[PDB]
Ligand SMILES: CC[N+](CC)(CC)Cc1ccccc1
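The data below hold one chain only, encoded as structure tokens and taken in the form deposited without this ligand.
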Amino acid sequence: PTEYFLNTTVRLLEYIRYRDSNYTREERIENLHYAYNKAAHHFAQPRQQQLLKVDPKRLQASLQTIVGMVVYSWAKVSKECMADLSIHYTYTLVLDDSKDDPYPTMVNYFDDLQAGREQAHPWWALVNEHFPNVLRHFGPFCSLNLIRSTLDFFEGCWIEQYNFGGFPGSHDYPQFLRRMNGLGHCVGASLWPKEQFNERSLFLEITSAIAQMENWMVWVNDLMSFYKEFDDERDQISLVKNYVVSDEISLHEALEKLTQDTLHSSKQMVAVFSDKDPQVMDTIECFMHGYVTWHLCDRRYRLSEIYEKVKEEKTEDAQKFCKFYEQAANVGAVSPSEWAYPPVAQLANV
């Protein structure tokens, strides 16, 4: 139940320069509804309904979490881009919760790919059919990064079905797996629509952003999700839990490792991009702030529970913490009834 959480969390928000933006609640609601609306109509189509084996309620919940993530973190991209990216990252989230073994549907993966025949695995059939809607927003380089990261993600989920935290002594396993299913290069590259940035003119800054954003994004997600995990835990295989199993250390030491990487990653993110192309730094900063805001506001992470047990407290953290938490709520706390409607199932049935 550690409270160290707030120390690092505050340091984290300070390190990244967490502060208010020109992104209004009105604007968030506009984007949220637009993104949600296009995605919802997409997943409501009969073909999508047929091949995507997901419980409607879970699909509904996954779509809402994803749309929020995208709209709040990819603050600078067009509405359309937010929408298409929401569809793609909802597909990935849906695969993350699947238990259907991939082996039999991957036996002829390459030959079908090379031949142009539809993939046997239904998820691939849908994701690859839809991919162009995401890729049209980017140059060839960024596109390749999205394609690779998604392919990596697929392998990641395959490995995760084994629920394996690595052999004791296999120090390289934890991060190998985390990067495998982190979508780090997918996220990092999707931050640069060709409509706003020139892939060739900013090749060096984009490549660097992908390399650095990969670890920040996943580590920050691991840090935020830690609360919501040792609490209610079906036996998971998180980066932290794998550090324990593989590196043979205590859950505390593992969490300390994560925080040191997370803070150092943040510090370096600023050091490198502060004095670079201002448009770049803006996208990078908005993603970091948006990404944190999203974690604080989405109930899935139950960070709200942390809020209460600390408001009527008084320290150099719990104080700074709420000051931030409150800030997030002012722009991030939005009732789903204001944007997420009608439900996907309703559009599917119609």
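Take the two forms, superpose them, and find the largest set of C-alpha atoms that agree within 1.5 Å; that set is the rigid core. Note that residue numbering follows the sequence shown and begins at 1.
If you look for the form solved in complex with this ligand, you will not find it shown, but the lines that follow are about it.
S.K.: Is residue 178 close enough to touch this ligand in the deposited bound form, meaning at least one heavy atom pair within 4.5 Å?
M.R.: Because a heavy atom of residue 178 falls inside 4.5 Å of this ligand in the deposited bound form, the answer is yes.
S.K.: Is there a non-hydrogen atom of residue 182 within 4.5 angstroms of a non-hydrogen atom of this ligand in the deposited bound form?
M.R.: Flag for residue 182 set to yes.
S.K.: At the 4.5 Å heavy atom threshold, is residue 42 in contact with this ligand in the deposited bound form?
M.R.: It does not: once this ligand is placed as it appears in the deposited bound form, residue 42 has no heavy atom within 4.5 Å of it.
S.K.: Find out whether any non-hydrogen atom of residue 321 is located within 4.5 angstroms of this ligand in the deposited bound form, and reply yes or no.
M.R.: Judged by the heavy-atom cut-off of 4.5 Å, residue 321 is well away from this ligand in the deposited bound form.
S.K.: Check 187, 218 and 291: does every one of them have a heavy atom within 4.5 Å of this ligand in the deposited bound form?
M.R.: The answer is yes; 187, 218 and 291 each reach this ligand.
S.K.: Pick from 253-261, 197-205, 161-169, 88-96: which stretch has a heavy atom within 4.5 Å of this ligand in the deposited bound form?
M.R.: The contacting stretch here is 88-96.
S.K.: State the residue from 226, 124, 273, 153 whose non-hydrogen atoms include one within 4.5 Å of this ligand in the deposited bound form.
M.R.: It is 153.
S.K.: Among 59, 69, 296, 286, which has at least one heavy atom within 4.5 Å of this ligand in the deposited bound form?
M.R.: Going through each option in turn, the one that passes is 69.
S.K.: Which one of 59, 292, 66, 318 is the only residue whose C-alpha moves by 2 Å or more between the shown form and the other one, after superposing on the core?
M.R.: Meeting the 2 Å or more criterion is only 318.
S.K.: Cα of residue 307 displaced 2 Å or more between the shown form and the other one, core superposed?
M.R.: After core superposition, the displacement of the residue 307 C-alpha between the shown form and the other one reaches the 2 Å mark, so yes.
S.K.: Examine residue 227 after superposing the rigid core and state whether its CA is displaced by 2 Å or more between the shown form and the other one.
M.R.: Yes, the C-alpha moves 2 Å or more.
S.K.: Superposing on the rigid core, is the CA of residue 338 displaced by 2 Å or more between the shown form and the other one?
M.R.: Result for residue 338: no, shift under 2 Å.
S.K.: Just say closer or farther for the C-alpha distance from residue 275 to residue 8 in the deposited bound form, relative to the shown form; it changes by 3 Å or more.
M.R.: So the answer is farther.
S.K.: Assuming the CA distance changes by 3 angstroms or more, are residue 234 and residue 177 closer together or farther apart in the deposited bound form compared with the shown structure?
M.R.: Closer together, which means the C-alphas of residue 234 and residue 177 are at least 3 Å nearer in the deposited bound form.
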